[PDB]
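*Asks:* Let me begin by handing over the structure; questions about it come next.
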Amino acid sequence: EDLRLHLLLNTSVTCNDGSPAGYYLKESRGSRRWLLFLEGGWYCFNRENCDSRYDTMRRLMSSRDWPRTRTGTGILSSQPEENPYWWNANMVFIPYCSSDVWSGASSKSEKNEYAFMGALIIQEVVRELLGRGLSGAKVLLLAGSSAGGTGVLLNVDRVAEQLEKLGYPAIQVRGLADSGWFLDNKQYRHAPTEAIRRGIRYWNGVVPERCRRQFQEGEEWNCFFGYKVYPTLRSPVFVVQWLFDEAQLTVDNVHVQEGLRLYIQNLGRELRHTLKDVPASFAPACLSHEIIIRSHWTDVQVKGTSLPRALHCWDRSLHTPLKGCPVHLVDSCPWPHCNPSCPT
Ligand SMILES: O=c1[nH]nc2ccc(Sc3ccc(Cl)cc3)nn12
């Protein structure tokens, strides 16, 4: 139980219910690497939907019941056997308690039952960490899974700009977006776009500036889709996405005859197509909801290369492709579990 909770010293940066947000930290004094991980957990988009979430998913809306510690697992593990990539890094787990896909900048008030401050929570964690050793960092990897993976896409460049404006131009900010790369496709049987559109207005949600300027007012929901926001980002971003992500299939109302076979095959081809120009990516042909903080994250391979290896090769690439150390790993086989290493 190695990461210790710190509630934000600025108690106006809050979870949905106005309780302070926070972060769990395990320092590694011999390391200049900092991993800041954004938890996932869907979102809520109106009063009634958020009230339901408050009643049975309250830890995603409040710090009142958070434990004093958490164990780092997967990419957050400090054990080299569990985490071949960054086991010696400074580890930060940022709980998701804003229900806004990390996009919000609005406080609870006379007109607002809930605060949606996800974008501000990230900025305040970064600011408070600077006084705890982050000022000496050489790399800050903003990582996250599911809603946190989209959160990386929406926030990595803002963290980079924040550090520049605060006077730390030597810290290299990079992103690792896990399971946050979705398609705004047609459902198999009869929506995120409408829910996200309503969510953005409810949250005062913010998207990266260059993407905002492309899509313009009322169309900021486009920037929640990885394939549309990624080309606009300046920071290096590594994308991890199952070709048959369970959340993608769930929203597509997929739960096998020809029509469904063709639908599933076309989904994997579309996902693969969106990753063609993403040079740092890991996209196995699996049906899964598993994420990079699971202890056995080491086990999956694409073309014989694991994700910890691909991430290490990415680090090397950011020091021409490297002999034997690839960074673009997208399965080409067309059906779930055509890769033998998919999670069981
Ligand atoms: O918590 C989990 N498990 N699986 C998922 C999938 C999406 C999300 S948020 C989200 C929703 C829509 C979009 Cl376009 C981007 C992010 N959260 N999540």
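Along the chain as shown, the residues are counted starting at 1.
When the header is checked for method, it gives X-ray crystallography, 1.3 Å.
Positions of Cβ are set from backbone N, Cα and C atoms, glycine also.
From Swiss-Prot, here are the annotated features:
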- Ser146: active site, charge relay system (ACT_SITE)
- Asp245: active site, charge relay system (ACT_SITE)
- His289: active site, charge relay system (ACT_SITE)
- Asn10: N-linked glycosylation site (CARBOHYD)
*Asks:* Which residues does the residue listed as 'N-linked glycosylation site' neighbour through Cβ under 8 Å, counting only same-chain ones at least six apart?
*Replies:* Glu124, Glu128
*Asks:* For ligand 1, pick out the recorded positions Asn10, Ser146, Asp245 that have a CB under 6 angstroms away from one of its atoms.
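*Replies:* Listed by sequence, the hits are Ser146.
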*Asks:* To the nearest angstrom, what is the straight-line distance from the CA atom of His319 to the CA atom of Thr320, with 7 residues unmodelled in between?
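*Replies:* Taking the Cα atoms on either side of the gap gives 12 Å.
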*Asks:* Relative to the Cβ of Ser146 (active site, charge relay system), which residues of the same chain, six or more apart in sequence, are found under 8 Å away?
*Replies:* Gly40, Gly41, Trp42, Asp178, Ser179, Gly180, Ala247, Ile291
*Asks:* To the nearest whole angstrom, state the Cα distance for the pair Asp245 (active site, charge relay system) and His289 (active site, charge relay system).
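*Replies:* One finds 6 Å between the Cα atoms of these residues.
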*Asks:* Given 5 unmodelled residues, what's the whole-number Å distance between the CA of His255 and the CA of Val256?
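*Replies:* Logged value, Cα of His255 to Cα of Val256: 10 Å.
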*Asks:* Could you give the Cα distance in Å between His190 and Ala191, the residues bounding a stretch of 9 unmodelled residues?
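*Replies:* Per the coordinates, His190 lies 9 Å from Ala191, Cα to Cα.
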*Asks:* Which residues does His289 (active site, charge relay system) neighbour through Cβ under 8 Å, counting only same-chain ones at least six apart?
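*Replies:* Result: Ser179, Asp245, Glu246, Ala247.
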*Asks:* Taking DSSP three-state, what's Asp245 (active site, charge relay system) in: helix, strand or coil?
*Replies:* strand
